[PDB]
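Everything below concerns the one structure shown next.
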Amino acid sequence: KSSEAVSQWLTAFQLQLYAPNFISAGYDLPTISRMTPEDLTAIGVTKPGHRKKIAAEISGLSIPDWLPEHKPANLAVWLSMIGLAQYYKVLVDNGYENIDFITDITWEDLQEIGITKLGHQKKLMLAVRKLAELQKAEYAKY
Ligand SMILES: [K+]
């Protein structure tokens, strides 16, 4: 249903030819909505004209909040909440079994352990920043 929704979003403004680009990188509309243009380049959308239509349509997206507004009890809950539970084992087996360890993580670290799909990295990285923001929100108090 996710890839379905990406296809449809792109066919709606005639750029479905890039569906493979987004989909095979594991992008989903939520994650797409937070793409920088650098991200766009990375998945092969390089033609300025198409970049710009997509960039405009990206800002045009209005889709419900999906990042957890609270730090969850454990890695399983968290991965589940952001729809990347298939990485539970690889993360745990590579020493990222608790949330705190993730918050330090970078894309280089994800590449090391095999989580390479750029869309998944983006989503994973977006989720990590939100935790980082939620932490600092405590120290302002404490
Ligand atoms: K699963």
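Ligands are numbered from 1 in the order shown, residues from 1 within each chain, and chains are lettered A, B, ... in the order they appear in the structure tokens.
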
Could you give me, as an mmCIF file with C-alpha atoms, in the first residue's frame, every polymer residue with an atom at most 12 Å away from an atom of ligand 1, counting only C-alpha atoms and all ligand atoms?
data_model
loop_
_atom_site.group_PDB
_atom_site.id
_atom_site.type_symbol
_atom_site.label_atom_id
_atom_site.label_comp_id
_atom_site.auth_asym_id
_atom_site.auth_seq_id
_atom_site.Cartn_x
_atom_site.Cartn_y
_atom_site.Cartn_z
ATOM 1 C CA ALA A 76 10.811 -2.718 19.129
ATOM 2 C CA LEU A 79 10.885 0.650 14.981
ATOM 3 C CA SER A 80 7.271 -0.466 14.798
ATOM 4 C CA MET A 81 6.001 3.125 15.175
ATOM 5 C CA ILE A 82 8.050 4.317 12.214
ATOM 6 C CA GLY A 83 7.490 1.208 10.087
ATOM 7 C CA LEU A 84 11.018 -0.208 10.058
ATOM 8 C CA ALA A 85 10.589 -3.237 12.347
ATOM 9 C CA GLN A 86 12.367 -5.493 9.835
ATOM 10 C CA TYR A 87 15.633 -4.012 11.142
ATOM 11 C CA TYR A 88 15.094 -5.180 14.718
ATOM 12 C CA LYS A 89 17.632 -8.041 14.452
#

In terms of the shortest atom-to-atom distance over only C-alpha atoms, which of A:21, A:35, A:7, A:64 is closest to residue 117 in chain A?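 Closest to residue 117 in chain A, using only C-alpha atoms: A:21.
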
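Among the candidates A:99, A:55, A:61, A:29, the residue lying nearest to residue 120 in chain A is A:29 (atoms considered: only C-alpha atoms).
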
For residue 18 in chain A, find every residue with an atom within 12 Å (counting only C-alpha atoms), except residues of its own chain fewer than 5 positions away, and show them as an NGL selection string.
:A and (3 or 6-11 or 13 or 23-25 or 27 or 40-41 or 43-47 or 50-51 or 54)

Requested write-out: N, CA, C and O atoms of the selected residues, as an mmCIF file, in the first residue's frame:
data_model
loop_
_atom_site.group_PDB
_atom_site.id
_atom_site.type_symbol
_atom_site.label_atom_id
_atom_site.label_comp_id
_atom_site.auth_asym_id
_atom_site.auth_seq_id
_atom_site.Cartn_x
_atom_site.Cartn_y
_atom_site.Cartn_z
ATOM 1 N N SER A 3 4.129 1.663 -1.448
ATOM 2 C CA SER A 3 4.652 1.846 -2.796
ATOM 3 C C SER A 3 3.518 2.227 -3.755
ATOM 4 O O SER A 3 3.699 3.052 -4.652
ATOM 5 N N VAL A 6 3.045 5.915 -3.406
ATOM 6 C CA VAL A 6 4.116 6.688 -4.040
ATOM 7 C C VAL A 6 3.882 6.745 -5.541
ATOM 8 O O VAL A 6 3.896 7.821 -6.124
ATOM 9 N N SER A 7 3.663 5.581 -6.153
ATOM 10 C CA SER A 7 3.294 5.498 -7.567
ATOM 11 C C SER A 7 2.196 6.501 -7.887
ATOM 12 O O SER A 7 2.378 7.392 -8.714
ATOM 13 N N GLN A 8 1.068 6.358 -7.204
ATOM 14 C CA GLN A 8 -0.093 7.204 -7.454
ATOM 15 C C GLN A 8 0.212 8.690 -7.313
ATOM 16 O O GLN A 8 -0.264 9.502 -8.100
ATOM 17 N N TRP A 9 1.007 9.042 -6.315
ATOM 18 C CA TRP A 9 1.384 10.432 -6.099
ATOM 19 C C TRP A 9 2.143 10.968 -7.305
ATOM 20 O O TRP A 9 1.941 12.108 -7.712
ATOM 21 N N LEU A 10 3.006 10.132 -7.879
ATOM 22 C CA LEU A 10 3.843 10.528 -9.013
ATOM 23 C C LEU A 10 3.082 10.539 -10.335
ATOM 24 O O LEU A 10 3.295 11.430 -11.159
ATOM 25 N N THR A 11 2.223 9.538 -10.544
ATOM 26 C CA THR A 11 1.357 9.476 -11.735
ATOM 27 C C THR A 11 0.388 10.664 -11.807
ATOM 28 O O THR A 11 0.036 11.114 -12.892
ATOM 29 N N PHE A 13 0.995 13.714 -11.272
ATOM 30 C CA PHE A 13 1.640 14.834 -11.974
ATOM 31 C C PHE A 13 2.668 14.362 -13.003
ATOM 32 O O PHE A 13 3.626 15.066 -13.308
ATOM 33 N N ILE A 23 10.827 4.100 -4.833
ATOM 34 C CA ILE A 23 10.405 2.831 -4.251
ATOM 35 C C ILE A 23 11.595 1.937 -3.895
ATOM 36 O O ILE A 23 11.680 1.443 -2.775
ATOM 37 N N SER A 24 12.536 1.765 -4.810
ATOM 38 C CA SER A 24 13.640 0.833 -4.550
ATOM 39 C C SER A 24 14.608 1.348 -3.484
ATOM 40 O O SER A 24 15.406 0.575 -2.953
ATOM 41 N N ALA A 25 14.544 2.650 -3.191
ATOM 42 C CA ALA A 25 15.262 3.247 -2.053
ATOM 43 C C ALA A 25 14.434 3.163 -0.763
ATOM 44 O O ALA A 25 14.861 3.625 0.304
ATOM 45 N N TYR A 27 11.595 4.659 -0.088
ATOM 46 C CA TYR A 27 10.909 5.888 0.299
ATOM 47 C C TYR A 27 9.404 5.652 0.406
ATOM 48 O O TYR A 27 8.839 4.827 -0.307
ATOM 49 N N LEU A 40 16.907 14.044 -3.192
ATOM 50 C CA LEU A 40 16.423 13.832 -4.557
ATOM 51 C C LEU A 40 17.536 13.419 -5.524
ATOM 52 O O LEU A 40 17.401 12.407 -6.218
ATOM 53 N N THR A 41 18.619 14.193 -5.578
ATOM 54 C CA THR A 41 19.769 13.826 -6.405
ATOM 55 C C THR A 41 20.180 12.388 -6.143
ATOM 56 O O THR A 41 20.383 11.604 -7.074
ATOM 57 N N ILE A 43 18.807 9.713 -5.229
ATOM 58 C CA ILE A 43 18.019 8.624 -5.821
ATOM 59 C C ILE A 43 17.820 8.817 -7.318
ATOM 60 O O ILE A 43 16.971 8.178 -7.932
ATOM 61 N N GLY A 44 18.605 9.700 -7.903
ATOM 62 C CA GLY A 44 18.737 9.742 -9.344
ATOM 63 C C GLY A 44 17.849 10.719 -10.076
ATOM 64 O O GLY A 44 17.902 10.758 -11.298
ATOM 65 N N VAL A 45 17.040 11.503 -9.365
ATOM 66 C CA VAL A 45 16.237 12.549 -10.015
ATOM 67 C C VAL A 45 17.120 13.780 -10.181
ATOM 68 O O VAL A 45 17.281 14.569 -9.257
ATOM 69 N N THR A 46 17.705 13.928 -11.360
ATOM 70 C CA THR A 46 18.765 14.919 -11.567
ATOM 71 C C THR A 46 18.366 16.061 -12.516
ATOM 72 O O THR A 46 18.932 17.154 -12.442
ATOM 73 N N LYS A 47 17.402 15.805 -13.400
ATOM 74 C CA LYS A 47 16.915 16.819 -14.333
ATOM 75 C C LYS A 47 16.211 17.954 -13.602
ATOM 76 O O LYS A 47 15.189 17.722 -12.955
ATOM 77 N N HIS A 50 12.341 18.354 -13.488
ATOM 78 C CA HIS A 50 11.623 17.325 -12.747
ATOM 79 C C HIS A 50 11.852 17.481 -11.259
ATOM 80 O O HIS A 50 10.922 17.359 -10.462
ATOM 81 N N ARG A 51 13.101 17.737 -10.891
ATOM 82 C CA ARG A 51 13.436 18.178 -9.539
ATOM 83 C C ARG A 51 12.433 19.178 -8.988
ATOM 84 O O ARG A 51 11.892 19.000 -7.901
ATOM 85 N N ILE A 54 8.713 18.112 -8.538
ATOM 86 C CA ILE A 54 8.673 17.252 -7.361
ATOM 87 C C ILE A 54 8.880 18.065 -6.099
ATOM 88 O O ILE A 54 8.155 17.899 -5.127
#

From the list A:31, A:15, A:26, A:69, the nearest residue to residue 53 in chain A using only C-alpha atoms is A:15

* To do: In Å, rounded to a single decimal, give me how far CA of residue 1 in chain A is from CA of residue 78 in chain A.
  =>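 Separation of CA of residue 78 in chain A and CA of residue 1 in chain A: 20.9 Å.
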
Considering only C-alpha atoms, state which residue in the set A:112, A:66, A:75, A:42 is at the smallest distance from residue 96 in chain A.
->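 Going through A:112, A:66, A:75, A:42 one by one, the smallest distance to residue 96 in chain A is for A:75.
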
Go through A:110, A:125, A:12, A:140 one by one, measure the shortest atom-to-atom distance of each to residue 95 in chain A using only C-alpha atoms, and give the residue with the smallest value.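 So, comparing all the options, the nearest one is A:110.
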
Counting only C-alpha atoms, the residue among A:116, A:14, A:36, A:74 that lies closest to residue 102 in chain A is A:74

Shell around residue 137 in chain A at 12 Å using only C-alpha atoms, local window under 6 positions removed, as a count of residues only = 5

A straight line from CA of residue 34 in chain A to CA of residue 98 in chain A spans 25.5 Å

- Item | Length of the CA of residue 65 in chain A to CA of residue 38 in chain A vector [Å] |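 Going from CA of residue 65 in chain A over to CA of residue 38 in chain A, I get 22.9 Å.
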
Taking 6 positions as the minimum chain separation for residues in the same chain, which residues sit within 10 Å of residue 104 in chain A when counting only C-alpha atoms? Answer as a short mmCIF file (atom, residue, chain, number, x, y, z; two decimals) with C-alpha atoms, in the first residue's frame.
data_model
loop_
_atom_site.label_atom_id
_atom_site.label_comp_id
_atom_site.auth_asym_id
_atom_site.auth_seq_id
_atom_site.Cartn_x
_atom_site.Cartn_y
_atom_site.Cartn_z
CA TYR A 96 22.14 -0.87 18.76
CA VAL A 128 16.81 9.80 15.51
CA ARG A 129 16.81 13.61 15.30
CA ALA A 132 17.68 14.14 19.99
#
